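To begin, one chain is listed below as structure tokens, in the form deposited in one PDB entry.
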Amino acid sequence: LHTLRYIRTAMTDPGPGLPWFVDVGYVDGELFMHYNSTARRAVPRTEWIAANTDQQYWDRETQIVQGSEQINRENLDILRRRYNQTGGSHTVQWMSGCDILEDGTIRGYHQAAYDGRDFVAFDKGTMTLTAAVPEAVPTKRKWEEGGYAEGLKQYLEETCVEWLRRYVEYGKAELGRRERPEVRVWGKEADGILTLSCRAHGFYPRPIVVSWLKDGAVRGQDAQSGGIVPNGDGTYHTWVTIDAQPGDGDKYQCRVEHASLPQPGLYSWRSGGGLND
């Protein structure tokens, strides 16, 4: 039900005018926290987090991620010498956070990846850092020496859970706010094949069921989707296409199932799509 995620990236080759280190925070899949190596500051991204937290909160977050930036800077140099790699593109990825399931079960996660492949993963049930690759064994030796397993256990089970419950309470109005999609039905004729398209513009929340219907019957297999893609303002977009015969286009209807709609919305090409209200 409720999730807290901290997405960290350390790069050797980021690109021109782009930061090498990026740290972003998410509450229920929505961005709220942001940090980059160029700005060197932890800043809010939503109105609900900024209005409910003071400057003292963002100061503690800045110094903790500034240190994380320095630690990951060392990690890129340590792992390149360990793997005996000579230049090129190398990436260190970090994933941290906790899930508060609807039944009350708490799941904790703290794992890393080197060059897009699993490196280390903390196992909460055994209190040990699992080394996925043979090059991740000296990392486990450093962890067993320091004894970070106990300090990480109390964070994922108590600290992470406490603050996620606060963020859920702060952003309850925004996360639960439903947004109706602007639907449009289109068609393209090519080599005796009529490709019908159905686009849903700016919907919230993210889960949606957009299906094609022929003579009032669902055509799941024949329909091709592009997945749920995000918009810059926070809303989502999706498109579903179907191959049909020319002169049969009006027999097809677009069905949209969403939380903002009390009943599934039916749309046709000739009726004007979403302009039919």
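Residue numbers here begin at 1 and follow the sequence given. The term rigid core refers to the most C-alpha atoms you can superpose between the two forms while keeping them within 1.5 Å.
The mean Cα B-factor in the deposited entry runs higher for 189 to 197 than for the other of 175 to 183 and 189 to 197. In this entry, 123 to 131 shows the higher mean Cα temperature factor of the pair 123 to 131 and 68 to 76. Out of 87, 138, 202, 205, the entry records its largest CA B-factor for 87. The PDB entry assigns residue 39 a C-alpha temperature factor belonging to the highest third of its chain's modelled residues. When the modelled residues of the chain are ordered by their C-alpha B factor, residue 113 lands in the lowest third.
Residue 142 sits in the middle third of its chain by CA B factor, as recorded in the PDB entry.
Residue 148: CA B factor in the highest third of modelled residues in this chain (values from the PDB entry). Placement of the Cα temperature factor of residue 94 within the chain: lowest third of the modelled residues, per the deposited record.
As for the form deposited in another entry, it is not shown, yet the points below apply to it.
Core superposition between the shown form and the other one leaves every listed residue (173, 127, 95, 193) with a C-alpha shift below 2 angstroms except 193.
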